[PDB]
Each structure stands twice: as C-alpha cells, then as structure tokens.
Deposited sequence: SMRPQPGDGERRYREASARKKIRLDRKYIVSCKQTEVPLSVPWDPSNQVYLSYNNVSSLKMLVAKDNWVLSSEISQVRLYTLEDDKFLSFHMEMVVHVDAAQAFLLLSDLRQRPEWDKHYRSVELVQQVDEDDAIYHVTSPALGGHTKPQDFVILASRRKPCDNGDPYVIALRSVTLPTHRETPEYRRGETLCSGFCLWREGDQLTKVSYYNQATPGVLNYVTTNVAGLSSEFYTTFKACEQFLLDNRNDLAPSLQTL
C-alpha cells in the first residue's frame, strides 16, 4: 500500500500569495483567520494514520492535498496560544522552520514574517516564505484559538537567488480548550506546493517526520507550560 499510495498521490497532485497593502490589513487579516476556520470545517477530512494518540488527516481536494495533525496536550489553551503564535520561537521545536524574521508588526495580533526552510526533495537551495500571521482569541463559547498563516507579497521582499521563494495558501494552528490544563492542538496545511514530495512521503507512511515534529511541538508546550514571558510581551 505505502509505496503505491505515495506514487498515486504524487501523480495526482504534482504541478497562492496575496499582495499586502496597509489599506487592507484589517480585511487580509480577517480573511487569513476566516480561511483557516473554514478549512477546519470542510466535510471531506479522512483519518490517514494514528500513532500514540496523535492523528494525521488528509483532505484530497481537486487542487490540493491538504493535511492536518491533532493531539491533546496537558497545557492551558491560552498559554499554548501565546507559545505558538510567536513564530520567532517555532525554529526551536520545528526543524522545518530553519529561521524566522519579523518583517512588520502589523498590530497586537498580526505580523508579517520572513521564514526560511531547509531544502527537501533533491534541492540544493533552501526555501523562503513571506507569511502573514493573524491570531485570534475566541469567544468563550467553545470556539478555538486560531493562529492563521498565509503568504503575502511585498514590493521590498521579492525573491532573491539565495532562496527558492515558496508560498503557503492557508496554514496554522487551532486550539480548543478541553478542560483545565488540557488543550486539543491541531496544525493545518491546505497547500504548500514546494513540499508535496515531503507531504506524500509522510501521508503514505514512508516517513514519520510529521509525527516527530508534532511530538517536539508537545514537548515545547509542556517545557514552557507555565512561562509568564509570553503574556507580558
């Protein structure tokens, strides 16, 4: 199944950014967040695998092989929200984040980041991304905390030969409070063309780097479970 499933997915899915403008920062931010929420609610998510109560789902759209991972972590959702919404700290737990640079603090809950990523799948250059991150605290009615990521273009931050400029359409974290010191943590990625080989390898079960990274995510949250620094920034 594995090798064959991988090759089928590759054959199916082989071969996204929006211009940023200060005059539409509020709308772009809404759309960033709203897109992630809508992705969560799509009706055709299918469980691909489970390993140690951690679940990997896919959505095989006509355009995209979307995936998401879910786990339950013994950390407070508000704390998980501050820890995960600071993308500067993501290189610490996520190997796929080689570096992170804050381009533009847009407001309290929105920022543009320059992200670089190690090359994977034969490339002799790393990838880079210019990403709008938009975070929202929910109403206390059971809605999730949301940290939404989508690629944006800026006249000053176009691609240079140092990196393959990639794009991500709709990615990020949702966190649902499940109890005192219990959070359901999910990471979603709708479409990131430049890493499809890597996705299909993971989704088919030839690799478990997604599981490994999500384990390091949990450990990062637990290790920083009770840090005050996030809430005082």
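Enquirer: Give me the ranges of the deposited sequence that have no CA atoms here, in sequence order.
Expert: Gaps vs deposited seq, in order: 1-15, 31-38, 257-258.
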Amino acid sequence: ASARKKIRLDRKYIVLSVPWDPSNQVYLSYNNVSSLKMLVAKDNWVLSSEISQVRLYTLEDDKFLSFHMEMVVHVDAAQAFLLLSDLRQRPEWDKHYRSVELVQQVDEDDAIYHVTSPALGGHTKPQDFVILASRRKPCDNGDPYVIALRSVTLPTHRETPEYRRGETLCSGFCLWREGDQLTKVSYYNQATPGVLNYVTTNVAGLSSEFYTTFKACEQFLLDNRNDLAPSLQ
From here on, numbers count along this sequence of modelled residues.
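Enquirer: Higher mean Cα B-factor in the deposited model: 16-24 or 216-224?
Expert: According to the entry, 16-24 carries the higher average C-alpha B-factor.
Enquirer: Select between 144-152 and 123-131 the stretch whose C-alpha atoms have the higher average B-factor in the entry.
Expert: Between 123-131 and 144-152, it is 123-131 that shows the higher mean C-alpha B-factor.
Enquirer: Quick one: which of 115, 87, 111, 80 has the biggest Cα B-factor according to the entry?
Expert: The listed residue with the largest C-alpha B-factor is 87.
Enquirer: State the tercile, meaning the lowest, middle or highest third, of residue 64 with respect to the CA B-factors recorded for its chain.
Expert: Top third by C-alpha B-factor.
Enquirer: Using only modelled residues of the chain, where does the Cα B factor of residue 31 rank: lowest third, middle third or highest third?
Expert: Lowest third - that is where residue 31 ends up once the chain's C-alpha B-factors are sorted.
Enquirer: Please rank the C-alpha B-factors of the chain's modelled residues and tell me whether residue 170 sits in the lowest, middle or highest third.
Expert: Tercile = lowest for this residue's CA B-factor.
Enquirer: Place residue 44 in the lowest, middle or highest third of its chain's C-alpha B-factors, as listed in the PDB entry.
Expert: Residue 44: CA B-factor falls in the highest third of its chain.
Enquirer: Would you mind ranking residue 199 by its C-alpha B-factor against the rest of the chain and naming the third, lowest, middle or highest?
Expert: Lowest third of the chain for residue 199's C-alpha B-factor.
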